[PDB]
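I have placed the structure first, in the form of structure tokens, so that the comments after it can refer back to it.
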Amino acid sequence: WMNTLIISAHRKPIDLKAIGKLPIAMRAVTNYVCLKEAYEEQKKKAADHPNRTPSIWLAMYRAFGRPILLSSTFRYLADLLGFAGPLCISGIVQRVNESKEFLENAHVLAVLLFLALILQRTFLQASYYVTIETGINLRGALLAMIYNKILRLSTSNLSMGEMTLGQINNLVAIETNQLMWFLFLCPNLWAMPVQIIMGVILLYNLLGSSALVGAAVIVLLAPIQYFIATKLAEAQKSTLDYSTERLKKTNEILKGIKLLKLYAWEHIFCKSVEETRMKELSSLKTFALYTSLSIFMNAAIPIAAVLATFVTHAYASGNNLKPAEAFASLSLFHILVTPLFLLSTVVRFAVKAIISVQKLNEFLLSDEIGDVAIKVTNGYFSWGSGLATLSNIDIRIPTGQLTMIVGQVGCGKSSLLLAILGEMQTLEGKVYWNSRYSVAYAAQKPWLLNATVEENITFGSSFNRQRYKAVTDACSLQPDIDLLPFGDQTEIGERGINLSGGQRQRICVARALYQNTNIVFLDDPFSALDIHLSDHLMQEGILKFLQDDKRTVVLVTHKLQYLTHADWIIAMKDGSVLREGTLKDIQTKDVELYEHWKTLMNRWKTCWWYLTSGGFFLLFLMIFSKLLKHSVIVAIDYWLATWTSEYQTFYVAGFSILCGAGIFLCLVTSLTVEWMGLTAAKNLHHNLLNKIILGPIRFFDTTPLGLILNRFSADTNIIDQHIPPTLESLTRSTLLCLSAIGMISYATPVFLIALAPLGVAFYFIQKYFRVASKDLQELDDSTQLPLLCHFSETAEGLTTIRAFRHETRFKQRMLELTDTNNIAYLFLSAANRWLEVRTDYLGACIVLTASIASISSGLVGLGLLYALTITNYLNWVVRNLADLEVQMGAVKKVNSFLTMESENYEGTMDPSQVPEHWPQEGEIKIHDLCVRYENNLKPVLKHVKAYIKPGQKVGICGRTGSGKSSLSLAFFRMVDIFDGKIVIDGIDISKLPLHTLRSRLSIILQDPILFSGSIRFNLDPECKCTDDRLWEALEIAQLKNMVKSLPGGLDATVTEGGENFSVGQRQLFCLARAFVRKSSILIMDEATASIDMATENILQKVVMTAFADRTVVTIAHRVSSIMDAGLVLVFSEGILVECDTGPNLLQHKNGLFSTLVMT
Ligand SMILES: CC(C)CCC[C@@H](C)[C@H]1CC[C@H]2[C@@H]3CC=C4C[C@@H](OC(=O)CCC(=O)O)CC[C@]4(C)[C@H]3CC[C@]12C
Ligand SMILES: Nc1ncnc2c1ncn2[C@@H]1O[C@H](COP(=O)(O)OP(=O)(O)OP(=O)(O)O)[C@@H](O)[C@H]1O
Ligand SMILES: Nc1ncnc2c1ncn2[C@@H]1O[C@H](COP(=O)(O)OP(=O)(O)O)[C@@H](O)[C@H]1O
Ligand SMILES: CCC(C)(C)/N=C(\NC#N)Nc1cccnc1
Ligand SMILES: [Mg+2]
Ligand SMILES: [Mg+2]
């Protein structure tokens, strides 16, 4: 059925429309239902038997076994028909050398052998088809299971450090695929034992008791292999672990690369990554050594068994083997060797699949979530640690009114929102929803999908243009969407163009405002926005747009100024509600709280590269040693054939030495390919990481994180664990096939003729496959990436998926995507099997031609002996060549990144001319600075001239987009400085090597970036600082008491992204990280964006007292903060409108500073 599609590949590239829809019984829906029923039946037995964990294996079996039984039936028939070549060759040799007389005609037996071979190949391929069908069905079912699990796991699992979003991505990408491949190969595990045993029985029939000796030597494969497997298992587990850890670090390095670079710590984190990589490579080396030992055993136990059998026969049966007995025995030994070719692969994949299924079982047994709109009574909600973060929560969110939940950093605002939404463990009390009706949740950390602006804003609703315009204008996104490549259809989020923090937060708030649900939980919508955007959003989006619909709005804001427009105020302190009521009620009951609020408001070449990565000697050793090994093997076969055909101590001794050489060469050839693979993997990963780290920040901003992290994650896996086995099998099969053809052509010269036409045939089929395959390959890739993406974007932002209660829609989307990917992979496998079947028929034609040529004298028998195995090893050559082409494509992907640009770290000034303490006085002097982020972009900064005196506190304030951050980054030479000079303390910063300009200046970015590890690791990765310095910095940052009360102490774990602390606490950790460095110039960029007014006030006072001598330049979120500063530089569209003292610019009425101050 494929033939037509393959030939159509030329005229019309095969697309998903040329490809058909998946059958009814192959859809992910039905397979998922079946597997879920089986897994739940296994679960039922967990309660009956103590510690009886549900086994994914028995569920898989109950759901998809019978197809595997049919496949194994086909494989058994394939083996029984494969035990026909022995008889046919024996009869051919008997008759050529010389009603049961018609049958002995060598030509009749040649025809029968051809028929038996084609039938055997047909049955083997039928087994393969059934198995790949079952394996694809099972991959679909398991993806659906893990997805419906992701939609139920508790957020505490990711927040408390149990698992990582990266681990789930890894599950989906790698581990299910490995299980699928093992299932593809699984029938061998019970078809190879049967075949080898049956062949040993027939060897007993032919030779006699002698065969039993060989039989014993064959059975030793079973213990040995088992042992090997165990060790491999261990190694693999270790590998996995380290890999995970390493990737975690890599991921973080790629997300926080801007902070690492600005702090000059890039190399330290890179070195930690490299150490974890060294551990992973040690694990992989153990794995590879045991793989090579596996290959040695599988290839040498045949040789030793042959030696033992035939020497035992030489010294047991005085009667010599007649030529027919000899060739029958040698042919049976070849039939035994054939299954042992793939034994290494099956044991390897079975071990890896056992490990992957352990991981999948663990993940499928993880923790899962359990006029007043919402009335909470006596709630003690906790965040999974058994320690109540909210205690005695008594709240009432009145229907159709505005509830503002206000408190200082870490008072349970987001915690209370997620408690009402039910994402955190309940310990007492109840939440009454006058059974959660869908609530539109704007999370503190905005979560954007990979779709367009429009798709993110609508988010599962019909496009009502009136509502869309109203929302997009209330959020003030309209001036921002048009500047994008495509107005509203531009791709947002990861795998698309990256918006600024304010833009993304406003997309999130627009999404929340658009959905037609009765309740809207907005969590800190006014953090990234400046005063103008926030005020517009409040005055239109919340006070007007959401009050026309009478929707119940719950606002989590640090902006006390907006409290005057609130109907209900919930004041939070230390996880409890101090006071709940109207402004007047709080004024009467809690006088001091109202007074405090008032005070606060102041009121291929890739293949050659891979082979030669090992120094040009491992390639030579591999190829030469393999050639000599196979020379010895052919010599052994010829020795047996001739010695037994002609019919002594001489013969025994010669055969013994040949077999010993064969075993030694087996060892030598086994080690080479694995050593090559290890060397290449090490070199490739080292180069990739080094070149990524040293890249310019522009490269990271322009390119999606997806591509780089995909390289590191899943291309290194291919280079490590998939290229070496494929290459080894390719080389062995190709040598076997070339040697066969050579032996046949030397025995029967005329065979050369048949070789050329058939060769042509081979060529053509390759050609056709190699076009169609590629097309289908692309489809596979193009279908698989969205799928993974979906998983990712549902794992991250799960609270939003389950706050809007759009779980069903997302489940259906996943089902659709997995069905499409399954169609793609099914037809890729179909092209593969088309090629394999055509090559099998080509091989059968070779067997027939060689047979007929030989029939019309021991050399010509050996010719047929090899003709038989041509059929198997040609198939293997072709399959492995295709796989190797794909994996060399992966190698190409890795090698592509080695031509990136590098930041010019060298610099011009000799390090001697740079004083030991360069920023001593800390006197910045900007002269006519012009700055554009990338080449050929309008100058974000134009003609900036300012002179900051030593110890002159400077404020910078302007509308969002005035390039204040561009100056902040210009001090560190990240934005390209076309013209002008920033002379800091006597040295032009353009000359200094970057690691002296980045190292001696400290910046606090608005976005908090916390790296996984201890608090100590995030405050100083170098571990130089004394504990007292860390405590000093934490006290300045107003986080000393919380860390004192943290369990671990100053070693308390900080889960990935600092998710176990509130956003404000993350920002304060960043402030402390900047404070430890004790540099002389401190550029704080909106450092108090997420910090409430009280903590902001006290922290500003303390940071000003402690860093009085240093020069601090603060880009102010509130212009009120920098009113008391010696110098104030107000930017407006890249130009400094005025540069004077605070009081002077304030005195001049109708000025930009005075305007901002008045507002
Ligand atoms: C030698 C002839 C007769 C058959 C060739 C293959 C067989 C020897 C069978 C019998 C024992 C089987 C092996 C014994 C058990 C394992 C370990 C298994 O991994 C584990 O058991 C997990 C590791 C652990 O036990 O801790 C992977 C399959 C494998 C290699 C089996 C693969 C197929 C084997 C080698
Ligand atoms: N995802 C989380 N998992 C576990 N514990 C958390 C998580 N988020 C916060 N906490 C804990 O909750 C305590 C209170 O933080 P909370 O989540 O209420 O912050 P918030 O007040 O909403 O944030 P902000 O300071 O931005 O207003 C913090 O001490 C932190 O230990
Ligand atoms: N990573 C970037 N790459 C290229 N251009 C940028 C980048 N970030 C900001 N810009 C541009 O620079 C201008 C000012 O941005 P920014 O420096 O963030 O202002 P702010 O003072 O609000 O930080 C914007 O109008 C935007 O077009
Ligand atoms: C049985 C082991 C000896 C060395 C006696 N013979 C082999 N070993 C292999 N491989 N013969 C062979 C040749 C070509 C293709 N397949 C098998
Ligand atoms: Mg909050
Ligand atoms: Mg900014």
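Easy rule for this one: first residue shown is 1, then count along the chain.
Using the three backbone atoms N, Cα and C, a Cβ is placed for every residue, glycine included.
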**OP:** Determine from Swiss-Prot whether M676 and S283 lie on identical sides of the membrane.
**Re:** yes
Original post:
Looking at the ends of the gap, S856 and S857, with 4 residues missing, what is their Cα separation in Å?
Top reply: 11
Subject >> Filtered binding-site residues, from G407, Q408, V409, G410, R959, whose Cβ is under 6 Å from an atom of ligand 3 >> reply: none
Subject >> Distance [Cα-Cα, Å, rounded] between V409 (ATP 1 binding site) and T960 (ATP 2 binding site) >> reply: 25
Subject >> seg_contact(the transmembrane segment (327-347), the transmembrane segment (73-93)) with at least 3 CB pairs under 8 angstroms, min sep 6 >> reply: yes
**OP:** Determine, to the nearest whole angstrom, how far the Cα atom of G412 (ATP 1 binding site) is from the Cα atom of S965 (ATP 2 binding site).
**Re:** 31
Original post:
With pairs 6 or more apart in sequence, are the transmembrane segment (73-93) and the transmembrane segment (858-878) linked by at least 3 Cβ pairs under 8 Å?
Top reply: yes
Subject >> In sequence order, those binding-site residues of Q408, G410, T960, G961, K964 whose CB lies under 6 Å from ligand 2 >> reply: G410
**OP:** Sort out the residues at least 6 away from either end of the transmembrane segment (616-636), same chain, that have Cβ-Cβ distances under 8 Å to it, and list them.
**Re:** 303, 306, 655, 658-659, 661-662, 665-666, 668-669, 672-673, 675-676, 679, 731-732, 735-736, 739, 743
Subject >> Cβ-Cβ under 8 Å with the transmembrane segment (651-671): same-chain residues at least 6 beyond its ends >> reply: 292-293, 295-296, 299-300, 303-304, 306-307, 310-311, 314-315, 621-622, 625-626, 628-629, 632-633, 635-636, 639-640, 643
Original post:
In terms of Cβ proximity under 8 Å, which residues at least six beyond the ends of the topological domain 'Extracellular' (200-210) contact it?
Top reply: 83, 86, 218, 309-310, 312-313, 316-317, 321, 325, 328-329, 332-333, 336
**OP:** Please go through the binding-site residues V409, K413, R959, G961, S962, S965 one by one and keep those whose C-beta falls under 6 A from any atom of ligand 6; give the result in sequence order.
**Re:** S965
